[PDB]
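Please read the structure below before turning to the comments.
Protein chains: 2
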Amino acid sequence: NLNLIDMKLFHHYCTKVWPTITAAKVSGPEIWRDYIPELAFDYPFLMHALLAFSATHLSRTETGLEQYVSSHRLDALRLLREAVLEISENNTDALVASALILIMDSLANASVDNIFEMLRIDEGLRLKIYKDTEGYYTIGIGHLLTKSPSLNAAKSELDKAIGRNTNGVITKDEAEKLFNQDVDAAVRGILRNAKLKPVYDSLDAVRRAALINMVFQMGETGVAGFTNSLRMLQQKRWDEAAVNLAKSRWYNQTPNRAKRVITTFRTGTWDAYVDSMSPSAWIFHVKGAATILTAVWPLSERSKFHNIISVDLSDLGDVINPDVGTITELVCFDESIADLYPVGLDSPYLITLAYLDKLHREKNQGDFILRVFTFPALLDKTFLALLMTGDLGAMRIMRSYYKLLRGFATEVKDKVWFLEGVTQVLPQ
Amino acid sequence: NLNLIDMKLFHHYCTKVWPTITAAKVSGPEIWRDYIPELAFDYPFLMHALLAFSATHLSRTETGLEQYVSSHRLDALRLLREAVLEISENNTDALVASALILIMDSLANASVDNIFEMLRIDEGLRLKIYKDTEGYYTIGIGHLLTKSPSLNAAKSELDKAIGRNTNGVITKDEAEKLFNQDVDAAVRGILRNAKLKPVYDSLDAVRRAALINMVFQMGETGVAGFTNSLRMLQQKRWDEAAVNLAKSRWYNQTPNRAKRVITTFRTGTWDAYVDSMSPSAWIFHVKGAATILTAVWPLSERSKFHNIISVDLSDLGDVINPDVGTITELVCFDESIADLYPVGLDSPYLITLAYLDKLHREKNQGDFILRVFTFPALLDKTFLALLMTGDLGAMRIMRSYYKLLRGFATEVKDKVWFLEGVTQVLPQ
């Protein structure tokens with residue numbers, strides 16, 4: 381009676397994941413290889429943060445896990461919650477580790493779930509029982525509840541699939557619970573299909589979702605019919621594949637949805653969606669970890685992360701206090717957002733654009749990472765409010781900030797997984 | 381929550397223990413470092429074993445444990461019990477490693493089953509509830525049950541931490557378990573005591589048992605009264621400390637028990653009890669384990685051990701088939717046993733002397749260690765009986781067996797712990 385799974389993950393951590401932390405030019409092996417493991421045993425919250433991250437990395441070559449990525453992550457927060465009540469009397473080094481581990485974990489799991497977002501845009505999300513184009517009781521995203529003509533029969537199933545009296549009404553979080561089972565089911569089918577299995581395996585995450593999509597719209601055997609375009613895809617003739625599908629009956633039936641799917645295939649990105657995709661959640665998750673970083677800033681040479689953060693990355697002293705007039709010295713980089721310039725006022729959008737600028741100036745491909753990890757948690761209150769409020773302006777920059785990340789990720793020598801979930805680039 | 385104690389142990393094994401396993405030659409850093417940890421996550425029975433072993437090694441540096449070492453030990457076996465039920469299936473490499481791990485663990489905890497033997501000869505054993513000649517009552521070795529002058533207070537107390545209703549009588553193992561408790565209880569008192577600790581730490585394991593032996597007899601503070609002698613022992617002035625200890629009221633109150641304990645400090649061996657503590661426990665613990673190291677051969681080529689066992693260790697060969705007559709070709713290589721040669725098919729030490737001979741002839745300390753681990757298993761019935769009856773011949777060949785390990789760990793460049801149990805040769 382032991383957690384052979386916890387021990388495996390931990391073993392996985394001490395074995396295959398830490399070299400990826402160091403390779404990312406984030407701290408050295410001294411600390412990630414020997415120091416953290418030691419600390420883990422003393423501080424439960426760090427151990428949990430550590431297992432969640434491990435689970436995350438292991439599960440890209442091993443099924444099942446997933447739930448561990450979620451529970452440990454939960455516990456890490458339960459414990460971090462009360463560890464932070466009195467920061468100054470805790471192990472600031474353990475805190476720093478936990479936060480950094482969680483950040484990378486959130487990055488790797490950023491794209492996890494936009495498939496659900498993908499179909500939401502493409503098919504629609506219904507929270508209360510309704511009837512499909514055939515009169516059947518469905519719910520969520522095209523989820524069939526029963527071919528029975530009894531509304532209450534539907535209710536029973538709906539309450540069976542979930543675990544409570546829904547009266548035929550569910551919460552978004554249940555729709556996806558259901559949707560995801562449906563993706564699982566679809567996947568099994570693809571794999572159990574000779575014409576589809578090869579192409580599917582051949583495909584990365586983003587492009588796999590785009591195929592699932594087709595399988596959701598036209599049905600399995602339906603998709604198996606695009607044999608020409610399926611080959612191109614297999615052989616990775618992206619551009620070729622896109623042109624071939626653009627001239628199929630599917631395309632005429634539904635051009636707009638076809639275009640989005642085509643592009644996803646063509647580009648390997650969520651480009652065709654993100655704009656219609658609800659505010660990227662990972663931003664908030666990183667924000668809840670990095671904030672820890674900003675709350676310990678800075679500590680004595682006593683803690684061995686002293687020289688690793690390198691200093692306080694919060695400081696914007698060289699661009700705050702100006703001279704004459706209320707116009708700042710920030711120049712625009714990456715135009716088509718120059719629109720927001722010359723930030724000619726010490727008013728909204730400042731602090732954020734000042735940090736984005738230091739993120740662009742940070743050529744030490746190690747402190748650049750930390751600026752990436754730290755960004756979400758440095759966003760000031762005002763701006764932050766605007767970002768959630770939908771303020772189209774403030775969404776604009778978060779996209780250029782997301783652009784720097786992809787740029788970095790691409791140009792980098794040794795590709796970094798985990799920022800793979802947030803930039804694609806897989807691997808090279 | 382988590383089970384950090386376990387994870388600490390497993391991590392300890394993956395960083396501290398396995399290298400000790402290669403230093404011998406059971407070796408293959410690719411088995412003990414890589415293969416076994418992995419195999420461990422499958423097959424709980426291998427993990428416990430592995431965890432127990434590692435708990436033991438850590439114990440030579442951490443004072444807790446003991447139970448986390450007994451609990452797993454019982455578990456490793458309890459599970460390995462049901463394991464050999466279905467050898468001819470699953471993976472046997474796990475069963476194989478388990479044995480290799482269990483055997484090594486036994487050898488390391490041989491000085492524990494010995495201390496039971498030392499005080500057996502000295503204090504005495506009694507599987508009842510007698511009233512000691514000190515006023516109160518007792519059980520087993522010297523476990524005080526009822527101080528109460530009453531013959532009934534114990535006849536309504538004894539059975540308390542034994543599981544089954546002991547009623548009044550107990551088995552060997554039932555005393556051992558409670559003896560080892562009192563032992564450790566006593567080691568704690570010693571470390572808590574500032575007069576003795578400085579010496580106790582200084583002492584090796586054999587001598588540590590002599591000091592404990594005194595403790596049991598005359599109490600913690602009583603021993604502290606030896607001051608002059610203690611320091612001496614602390615300065616490794618063996619010979620002197622022995623002379624000085626003789627001059628004492630303890631030497632006279634009880635002379636024999638004193639001589640034995642004296643020469644024990646003097647030489648750091650068990651010479652004084654040589655012929656009174658025979659059934660060196662592990663011989664039988666190992667027996668039920670090291671057996672499956674012979675049963676599994678020949679190993680399928682798929683087994684990662686295909687080359688580590690190699691030959692049929694249980695194979696005598698031609699020794700038992702002399703060209704003419706009944707006297708075997710075996711020739712004496714020790715001397716304390718030349719009295720048993722030439723051997724001769726008659727017996728009764730034939731089989732044992734034969735196996736003992738392959739051991740001695742064994743160059744390439746790889747199969748050497750294996751024959752050592754395996755010897756206890758190869759010991760035949762009719763011989764085993766002679767031994768536990770105190771046959772001088774039997775007991776002598778056993779000493780010749782131990783003389784072989786002693787001369788081996790010594791001569792070898794890198795000394796190997798876990799063998800410090802049988803003939804010393806410590807610590808580096």
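First to last, the protein sequences are chains A and B.
Just so it is clear: in the first sequence, position 311 is 691 by this note's numbering, and no numbers are missing.
Just so it is clear: in the second sequence, position 1 is 381 by this note's numbering, and no numbers are missing.
Virtual Cβ for every residue (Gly too), placed ideally from N, Cα, C.
- Within the region 383 to 412 of chain A, the residues whose Cβ lies closer than 9 Å to any Cβ of chain B are, in chain order, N383, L384, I385, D386, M387, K388, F390, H391, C394, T395.
- Apart from the 5 residues on each side of it in sequence, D794(B) sits with its Cβ closer than 6 Å to the Cβ of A403 in its chain, given in chain order.
- Rounded to the nearest whole angstrom, the CA to CA distance from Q633(B) to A488(B) is 35 Å.
- Given a length threshold of 4 residues, each whole run of the alpha helix (DSSP H) inside the region 580 to 623 of chain A is given here in chain order: 585 to 597, 600 to 603, 607 to 614.
- Chain B has a Cβ within less than 8 Å of the Cβ of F421(A).
- The beta carbon of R453(A) is closer than 8 Å to those of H428, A429, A432, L482, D485 in its chain, skipping five residues each way along the sequence.
- Scanning its chain for C-beta atoms nearer than 6 Å, with the 5 sequence neighbours on each side dropped, one finds around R637(A) the residues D502, in chain order.
- Contact fails between the region 701 to 709 of chain A and the region 756 to 772 of chain A, because fewer than three Cβ pairs, one in each stretch, are under 8 Å apart.
- Contact between the region 514 to 521 of chain B and the region 713 to 725 of chain B is not established, with fewer than three Cβ pairs separated by less than 8 Å.
- Going by DSSP, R506(A) is part of no alpha helix (DSSP H) but of the beta strand (DSSP E) stretching over 506 to 511.
- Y517(A) carries a strand assignment under DSSP once its states are collapsed to helix, strand and coil.
- According to the DSSP assignment, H523(A) belongs to the beta strand (DSSP E) that extends over 523 to 526.
- Nearest CB-CB separation between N381(B) and chain A: below the 8 Å threshold.
- Spanning the alpha carbons of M657(A) and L445(B) requires a straight line of approximately 54 Å.
- Going by DSSP, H686(B) is part of no alpha helix (DSSP H) at all; its letter is neither H nor E.
- Its chain contains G648, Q804, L806, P807 as the residues whose beta carbon lies nearer than 8 Å to that of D584(B), once the 5 sequence neighbours on both sides are disregarded; these appear in chain order.
- Sequence-distant Cβ neighbours of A604(B) in its own chain, meaning closer than 8 Å and more than five residues away, are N573, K575, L576, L610.
- Here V805(A) carries a coil assignment [DSSP, helix/strand/coil].
- Taking the Cα positions, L459(A) is about 23 Å away from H392(A).
- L750(A) is positioned such that its CB atom lies closer than 8 Å to that of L693(A).
- Under the three-state reduction of DSSP, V549(A) is assigned to strand.
- About 6 Å separates the Cβ atoms of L426(B) and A477(B), confirming a contact at the 8 Å cut-off.
- Shown here, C394(B) sits in a helix according to DSSP, grouped into three states.
- When only Cα atoms are considered, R786(A) and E469(B) end up about 51 Å apart.
- Chain A has a Cβ within less than 8 Å of the Cβ of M427(B).
- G773(B) and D651(B) have their alpha carbons spaced roughly 17 Å apart.
- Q614(B) places its beta carbon 8 Å or farther from that of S660(B).
- Between the alpha carbons of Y721(A) and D619(A) lies a gap of roughly 36 Å.
- Nearest neighbour of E600(B) by Cα position, chosen from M612(B), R617(B), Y580(B), turns out to be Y580(B).
- The C-beta of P424(A) comes closer than 8 Å to at least one C-beta of chain B.
- Here DSSP, grouped into helix, strand and coil, assigns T472(A) to helix.
- Taking the C-beta atoms as reference points, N545(B) is found nearer than 8 Å to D539(B).
- From the beta-carbon of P756(B), no residue of chain A is found nearer than 9 Å; the closest lies around 29 Å away.
- Per DSSP, reduced to three states, the secondary structure at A670(A) is helical.
- Residue environment for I495(B): buried (at least 16 other C-beta atoms within 10 angstroms of its C-beta).
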